[PDB]
Each structure stands twice: as C-alpha cells, then as structure tokens.
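Below is one structure, written out as structure tokens, with a few remarks after it.
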Amino acid sequence: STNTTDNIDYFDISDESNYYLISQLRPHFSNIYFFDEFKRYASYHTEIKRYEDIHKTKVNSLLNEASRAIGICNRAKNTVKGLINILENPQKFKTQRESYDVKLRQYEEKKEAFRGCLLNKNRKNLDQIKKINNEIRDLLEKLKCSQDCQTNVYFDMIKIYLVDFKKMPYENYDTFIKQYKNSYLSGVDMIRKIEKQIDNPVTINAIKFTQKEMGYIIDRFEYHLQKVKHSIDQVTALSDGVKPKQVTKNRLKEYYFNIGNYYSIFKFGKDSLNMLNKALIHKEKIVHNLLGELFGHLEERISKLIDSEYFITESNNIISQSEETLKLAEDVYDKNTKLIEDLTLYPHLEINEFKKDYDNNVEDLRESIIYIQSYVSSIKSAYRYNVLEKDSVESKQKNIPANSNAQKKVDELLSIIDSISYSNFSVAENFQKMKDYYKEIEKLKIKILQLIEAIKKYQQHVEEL
Amino acid sequence: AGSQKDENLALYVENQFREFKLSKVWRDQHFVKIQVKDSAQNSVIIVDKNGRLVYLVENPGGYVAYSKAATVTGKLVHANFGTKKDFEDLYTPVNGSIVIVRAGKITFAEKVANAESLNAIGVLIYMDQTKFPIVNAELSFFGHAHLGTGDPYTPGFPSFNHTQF
Amino acid sequence: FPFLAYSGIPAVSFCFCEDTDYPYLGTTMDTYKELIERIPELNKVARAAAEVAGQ
Ligand SMILES: *[C@@H]1O[C@H](CO)[C@@H](O[C@@H]2O[C@H](CO)[C@@H](O)[C@H](O)[C@H]2NC(C)=O)[C@H](O)[C@H]1NC(C)=O
Ligand SMILES: *[C@@H]1O[C@H](CO)[C@@H](O)[C@H](O)[C@H]1NC(C)=O
Ligand SMILES: [Ca+2]
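Protein chains in written order, with the numbering used here: chain A, 1 to 465; chain B, 1001 to 1165; chain C, 2001 to 2055.
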C-alpha cells in the first residue's frame, strides 16, 4: 500500500506585482509558448526575417538558464520531500522523536524557504523577459505596412487556433473538481466531528495535514482551470467577428500580441491541469488509506456507547427488585388469606367501633396490592419503550454497505454515533419515571406490613371478646 | 431561552453573519421574565374519597409556561378540545371541577381561557393516538399559556433596561 | 402575527404540511433522527422552501 508522495512539484510562486507566474513544469513560464506562437506569426510576414536568428539565442538562453536556476533550487526540494514524507506517515513520525507541532513549524519554514528560493533565483530572468518583449516590439515596428494592413492571417489563426481549442477536454475537469471538492468539504467537516470520540493523536494529525495540502492543490486547480476557461471564452468571443479589411500597424501589433498571449495562457494551462489532476487523485487515495486505520478504532466506540448509554443494566435491576417485592406482598397475603376469613365471621353483633378499624384495614390491603400490580405494569411499559429504541439502533448498526468504498462506511459509523446522540432525553426522562415508581413501591412495601400488624391486633382483640 | 447553549448558538450565528460579508451585523439584548420548573416535582395524583390510600399517575417531565403555583382536588370532567362550542354542548355542569382536554386545533391559552371563563379549577392536556399517532406512550411536551403575546410583565412598552421595570 | 396585527406590516408564512399535523412538535422526541424517518428526502424539500422564500 502507498503511504508516500513521489511527485511534489505542484508548488508555485508569483511575483509581487502578480504579473508573472512561475511553474515547475517546463518551460517554467507562459511566455515561451507565446514566443512559439510568434514564430508562426513571423513566418507569414517577409519583413521580419531577423527574429529567426535572434530568438534562437534568446530563448535558448532563457530555457537553458531557467532550467539551470531550477537546478539550483533542487536541494531544498529534497529536504521538503523528506519533511513531507516523515511528517505525513504514522510510522515515520513514530520513528521520529520530535513532536508534531514542533515539526510542522519546520514544514512551514522549509516551505516558504523553498518558494523563496525559486522566486529569488528567477528575479533576474523576469527583467530578461521584459527585455525580450521590448525586442519583439522593436522588430514589430519594422513592418512596412503603415495604415491599410490585413487581417487575413488573423481570422485564419483564430481557426487553426480554434482546432487546438476543440482538442482539449473541458467538461471532465469541471465535473471532476466539483465532485472532488464536495468530497473534500465533506471530509473536513467529518474529521472535526470524529476527533472528539477517538483517542489516537497520530493518524488524526496525518489526516489533518493531508487535507491541508489537498486544499492547496484544489486552489491551484481552480486557478489554472479558470484561466483556461477565460482564455477560450475571450477567443471564441472574438470569433463572432469584427471584420476589417484593413487596420493600423500598431492595431495589428495589438491584435497579434493580444491573442498570442491567449495561446500562451491556454498551452500553459493544459499540462498544469494534467499534473494537478494526478496530484488530487493521488492525495485522495492517501487519505482513504489513512482512514482505513481509523474505523477499527471507532467500532469499539459504538459497541461501548450502546450498553452504557441506554441505561439497560441498571433499569433491569429496578424491574427485578420491584418484581420480588410484589412476590413478597402476595406471599404474605397468601400466608394469612385464610386468617381474614377467620376474622370476619365473629364480630357483627356488638359494640361496632371495631369494624371501622377492620374493613378500613382490609380495603387498604386489597387496594394496596392492586396498586403494586399497576405500578409493575407501568415500569415494564416504560422499559418496553426504551428497549424498542435500543433495538432500532441495533438494526441500524447491523445493516451497512460492504461494498462501501471509500470512507462512506466511516460516515455510516459516525452517523450511528449521532443516532445514539439524538435520543438521550427520551431515555433520561423515562428512566426518571422508573425511579419514581420504584420509590413508591418502597412506600407501599412498609405500609402493607403495618397493616398486617393491625390485623394481628384485631385477631387477638377478637379473641379477647 | 436564556440558557448557555442559546448564547453559544447566538455567537455562532453572529459569527456567520460576519463571515458571509453582510453590510452590517448587530446584536440587541433585553431582559425578560419567563417561568421555569421548580426543584420540587409537580404531580397528578388520584385521591380516594376516604383520604386514606393515595395513588399517583405521573410526575410530568414537561410543564406549562405562565401557569400558577397551586395545588387542588376535585372532580374531573372530559372536554373535547376546549372550544366554547364544546363547553356549551356538554351535559355535565363544568364549575368547581378539574377538566381534561386534547391538544390540537386551538392554542393552549384559549383552552385555559375558556376553562377559566366557565369557573373550573384545573386543566390537564394530553395527546390521544387518533389525532397524533406515535409509539411512545410515556412522552411529555410543552406550551405557553399566555393569551396574547409578548413578555406579559411588561405589556405595551418594551422590556429594555430604560423602563426600570 | 404581531407584525400584521399589532404593527401593521404585511406578513406571510408557509409550510409543506401533511394533512394531519406533525406529531412530536413541542416534544422531547423532536430530533433529526425521527425527522429524517418521517421525511425521507429532506434536502429537496428544504431546497424548495428556500426557493419560495427566494422568489
Ligand atoms: C439591566 O437590568 C438587569 C436586570 O436587573 C441588570 O442585571 C442584574 O444586575 C445585578 C447587579 O449588577 C445582578 O444581580 C446581575 O448582574 C443581574 N441580574 C440578573 C438576574 O441577571 C443589569 O445590571 C442592568 N444593566 C445595567 C447597565 O445596569
Ligand atoms: C357550581 O358547582 C356546585 C358544586 O357543588 C354546584 O352545586 C352548583 O350547582 C354549581 N352552580 C350552578 C349555577 O349550577
Ligand atoms: Ca413589552
């Protein structure tokens, strides 16, 4: 299984004026593609012959010197390589002694130290690009045509250039990045909820870091794809089109320079979209193979939340105790239920203040026993309305996708933990009712014994009379 | 209302209205009087004519806002919903007797208003199965009993801290 | 109601409501689990209600 990243080169830096963007793909600038468009513009005018001699020395100096300067900033790329790989895995951070918040600051310093290297070694070459651009302007000054200039090359270069537009796929990148970004924000929302239950600090730092880099690459993907779609929109917007038979020389220079730069944006865009596409798919598969170490440390948290959070082992004891109390009371009335029939047949012919005590206590005993049976029925009814809830969460934990690919199963497990969290108040107040009815079963449990004592006093006093 | 979780949710929303770049976000607080449960339980409890053996039905988890702190005994008389049409359709005289009604089709406060105009003492409100089909029979709920709206201990004028209450 | 009747502001309310009213509405069992049990597609209906308030 893949736990490391091999290709790192998606880092890029722009100038302080934001005019030029450097990339780590060749030719490291957009303007070389404009120059290769300007060759195909210079082939159609016989006036500009010296461009084919000058620009060979110029752009050979630019490509050799630019690839040279990246060759100078290779060495920081190797250290940020080792820093990503050590900081990212649990095993490599396990063999590394320093803490995680310690090493991530080293990641920051080496990161902007690396991008600072790359810009600081291209600072001169930006001025070089200014100088060559002034030479293109100077050679385009030498055109003979002063006032009535076609505008026959231009309308055709929109056609041949439009074939290069129809070659590229655009829909798959848009649908891809919208689906992917949906999965990203779902993941970042998911880790915040998942880091409160589960113990381990290492894998959770790996996933938080990889989602940070994943966020960076999503940002660059949106940027380059935006410039591609804007370039295509402007060029096809010029293909309506305004049709002069003649233009000014500086107007013609503004035209060729103009949509030549749009070729530079587009051809600079395609390979960057390819590289970032590989980057998002690879980092995605790293994150899935990181959550595969987490679900087994989550499953026992579900199986720990159920048995303790539905209050089952305590409530079953309450129903057991109240059941034994009912068997105690009906056991005592089973003992003296003949003795009442001995103590009803005598007294009915005499000084009857004494029945006012007796049938009082007998009606108290009967209605007390019926009260205890009704109490037991109430508590068991509450218990059924709790165990139905527990059974339903068991039925949701039984049925899962199997066939769950990828990370959707960890979202199912977290949804089950929320399905235990949404049902706490019902079980709390229901268990409070169970406590109340058990208390009053204790009160009738002492009252019935006082009644039996009064019945015995009745018996001996009837024996006295 | 007034709990700590309300104020944490209000800080979360008042953070969101800042993060969405609204033109202006503002808070407005004021002090009101609500009614909350006491530390002692409130119960409904069957009393025999003898006064000897006393049987209880429920300690309700849910309460009614703006009720009175009292305790009473007496006859119970069913009423449909507490419409005025219901109380004038009844055969049994209403007065001096606690009533029961079913929740729904009218605000709670107009049930208690009609049962107060017909000089009754007590109101118990429940949910049958026909109007409200559920499975859990041991379930409680909540309602305000104030006819009209607003904070009732300051009617007409607002409940800021300039009124000095 | 206090916007329309007390203040004088035109007020509007609306609901996608089943014929019988919602059972556990002021209740301790009002929660998202049983809500998504009642309504199996909540995202589309919330999309519709936010669309109406948008109009
Ligand atoms: C606004 O009125 C409230 C209500 O009395 C004041 O809040 C109380 O202040 C007293 C004394 O400071 C304390 O008992 C508590 O801080 C508050 N009581 C309760 C029950 O919340 C508040 O001080 C008033 N505001 C101002 C600026 O005076
Ligand atoms: C009011 O209630 C008492 C209950 O004792 C009843 O006797 C009386 O008749 C009632 N009043 C009227 C006017 O019916
Ligand atoms: Ca007021």
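C-beta: ideal position from N, C-alpha, C; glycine also.
query                                                                                                                            : result
B:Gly-1082 burial status per 10 Å Cβ neighbour count (16 or more: buried)                                                        : buried
Local Cβ density within 10 Å of A:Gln-450, reported as buried at 16 or more and exposed below that                               : exposed
A:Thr-337, DSSP secondary structure in three states                                                                              : helix
As assigned by DSSP and simplified to three states, the class of A:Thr-79                                                        : helix
Contacting positions in the segment 1090-1104 of chain B - beta carbon closer than 9 angstroms to chain C                        : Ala-1103, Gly-1104
Residue from A:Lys-178, A:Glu-309, A:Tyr-256, A:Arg-115 with nearest C-alpha to A:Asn-424                                        : A:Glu-309
B:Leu-1056 versus A:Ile-441, A:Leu-465, A:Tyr-458, residue with shortest Cα-Cα distance                                          : A:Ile-441
Counterpart residues of B:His-1078 in DSSP-defined beta bridges                                                                  : B:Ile-1100
Proximity test, B:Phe-1031 beta-carbon vs ligand 1 heavy atom, cut-off 6 angstroms                                               : yes
Heavy atom of ligand 2 within 6 angstroms of B:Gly-1074 beta-carbon                                                              : no
Anticipated Cβ contact below 8 angstroms, A:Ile-72 with A:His-28, distance rounded                                               : 13 angstroms between Cβ atoms; not a contact.
Alpha carbon of A:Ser-61 to alpha carbon of A:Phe-268, nearest angstrom                                                          : 20 angstroms
Segment contact flag, the segment 282-293 of chain A with the segment 386-404 of chain A, C-beta cutoff 8 angstroms, min 3 pairs : no
Span separating the alpha-carbon of B:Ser-1039 from that of A:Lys-355                                                            : 43 angstroms
Residues sharing a beta bridge with B:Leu-1056, DSSP                                                                             : B:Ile-1045
C-alpha distance - A:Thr-46 paired with A:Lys-81, whole-angstrom precision                                                       : 51 angstroms
Identity of the residues DSSP links to B:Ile-1125 by a beta bridge                                                               : B:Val-1101
Best match in B:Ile-1125, B:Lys-1049, B:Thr-1092, B:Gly-1061 for proximity to B:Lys-1037 [C-alpha to C-alpha]                    : B:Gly-1061
Residue-level contact to chain C via CB, A:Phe-425, 7 angstroms cutoff                                                           : yes
Interface residues of chain C facing A:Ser-419 [CB-CB closer than 7 angstroms]                                                   : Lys-2033
Own chain, CB closer than 7 angstroms to A:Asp-271, minus 5 neighbours either side, in chain order                               : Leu-25
Contact test: B:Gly-1148 Cβ vs ligand 3 heavy atom, cutoff 6 angstroms                                                           : no
Sub-7 angstroms separation of A:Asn-205 and A:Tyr-107 beta-carbons                                                               : no
Three CB pairs or more closer than 8 angstroms across the segment 13-25 of chain A and the segment 116-126 of chain A            : yes
C-beta neighbour in chain D for C:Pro-2023, strict 7 angstroms                                                                   : Chain labels in this structure do not include chain D; the protein chains are A, B and C.
N-terminal and C-terminal residue of the alpha helix (DSSP H) that A:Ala-206 is part of                                          : 202-237
Reduced DSSP category for A:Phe-176 - H, G, I as helix; E, B as strand; rest coil                                                : helix
Heavy atom of ligand 2 within 6 angstroms of B:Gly-1096 beta-carbon                                                              : yes
Within 8 angstroms of chain B by C-beta, residues of the segment 378-408 of chain A in sequence order                            : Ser-381, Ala-382, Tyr-385, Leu-388
Anticipated Cβ contact below 8 angstroms, B:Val-1094 with B:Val-1077, distance rounded                                           : 6 angstroms
Environment of A:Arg-220 [buried if 16+ CB atoms lie within 10 Å]                                                                : buried
Cutoff 7 angstroms: A:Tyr-422 Cβ touching any chain C Cβ                                                                         : yes
Pick from C:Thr-2028, C:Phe-2014, C:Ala-2005 that is closest to B:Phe-1141, judged by C-alpha positions                          : C:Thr-2028
Beta bridge counterpart(s) of B:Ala-1065 as assigned by DSSP                                                                     : B:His-1144
Cutoff 8 angstroms; reference A:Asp-156; Cβ partners in own chain excluding five residues on either side                         : none
Per-residue contacts from A:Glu-429 into chain C (C-beta, under 9 angstroms)                                                     : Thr-2028
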